[PDB]
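Take a look at this single chain, the form deposited in one PDB entry, given in structure tokens.
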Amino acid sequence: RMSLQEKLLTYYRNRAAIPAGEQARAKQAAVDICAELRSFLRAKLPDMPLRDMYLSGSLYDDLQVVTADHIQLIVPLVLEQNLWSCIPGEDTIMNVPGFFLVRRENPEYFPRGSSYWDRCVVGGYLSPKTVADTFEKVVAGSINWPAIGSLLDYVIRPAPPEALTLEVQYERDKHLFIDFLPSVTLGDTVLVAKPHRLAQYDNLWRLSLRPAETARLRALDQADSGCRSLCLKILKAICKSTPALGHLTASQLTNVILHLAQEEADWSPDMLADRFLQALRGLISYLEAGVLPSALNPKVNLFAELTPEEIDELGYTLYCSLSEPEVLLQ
């Protein structure tokens, strides 16, 4: 019957690709809200050290698949270089690459109170969990979602504690989940408060990898009009659509693609099938090895948050799907 090429482009257009209308409006609803928060921050909280919150995520750069239902709103903290320093996780006793301790420097000389964020310090370290709670409470305590919603003809209601998430119904039957992501930038190190999976690492900030990864990907496709992004979206759609693959993330799949791009120059449209197969094969062998290095930061293993058992099950699921092509593609 059909070639894999056709099946994939077909799968992409009927499953991976968000319908044209829905993505514009979802994205626009997010844009509309982000702006209204810009003015709220000027008026209500000129005291809290922040910069303007801005959108980020797959929906914002057209990498979101199946449904336009989520996006991040970054909350950039202001931290003074003099007062704070970030510590690579591999240099901590935790020994976890891709994560940082954010340390409060010399309290004898910089007493508590020198930074607003000193209230979020636990044992000399800026706690990511506590920053989230404080922000959530300081926002919850000054914000008027019913009014912002009325102003934009959206209904906006926070969610149950996931208190850092907003549910935006922007049409009768459409909604969008915006979650707030507190971020810190020290030097050229960008960190986000997206907690490590295990509880014992909850004092660590996460190295933000998404911007460089997606910029890299976009630059490569731009250069040669390649299908790197198209292949990623298909994979994302499969993992999202297949429960057994729920542990796979956009970040891992993107790096699978980027590693492959180091070794395949030809990403013309007709090579899509071949690259997709290579990517599947790559992912499987990364899983077997128990290690998927970040293309942009080799020291970081993007499977390090997964247990060996989960890695093993992911590997098995994928092998099995090789002989169930029609379950993999819907």
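We number the residues from 1 along the sequence you see. C-alpha atoms forming the largest set that superposes within 1.5 Å between two forms make up the rigid core.
Absent from the display: the form deposited in another entry. The rest refers to it.
Student: Fix the rigid core, compare C-alpha positions between the shown form and the other one, and report which of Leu280, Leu302, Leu37, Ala295 shifts by 2 Å or more.
Tutor: Between the two forms, the residue that moves is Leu37.
Student: Examine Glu136 after superposing the rigid core and state whether its CA is displaced by 2 Å or more between the shown form and the other one.
Tutor: Where the cores coincide, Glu136 still shows a C-alpha shift between the shown form and the other one that is 2 Å or more.
Student: Do you see a C-alpha shift of 2 Å or more at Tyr170 between the shown form and the other one, with the core held fixed?
Tutor: It does shift by 2 Å or more.
Student: Return yes or no for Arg51: a CA shift of at least 2 Å between the shown form and the other one, with the rigid core superposed?
Tutor: No, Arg51 moves less than 2 Å.
Student: Would one find the Cα atoms of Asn301 and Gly57 closer or farther in that other deposited form than in this form, where their distance changes by 3 Å or more?
Tutor: Relative to the shown form, the pair is farther apart.
Student: Work out whether the Cα atoms of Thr67 and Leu220 come closer together or move farther apart in that other deposited form than they are in this form, the change being 3 angstroms or more.
Tutor: Closer is correct, given that in that other deposited form the C-alpha spacing of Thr67 to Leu220 is reduced by at least 3 Å.
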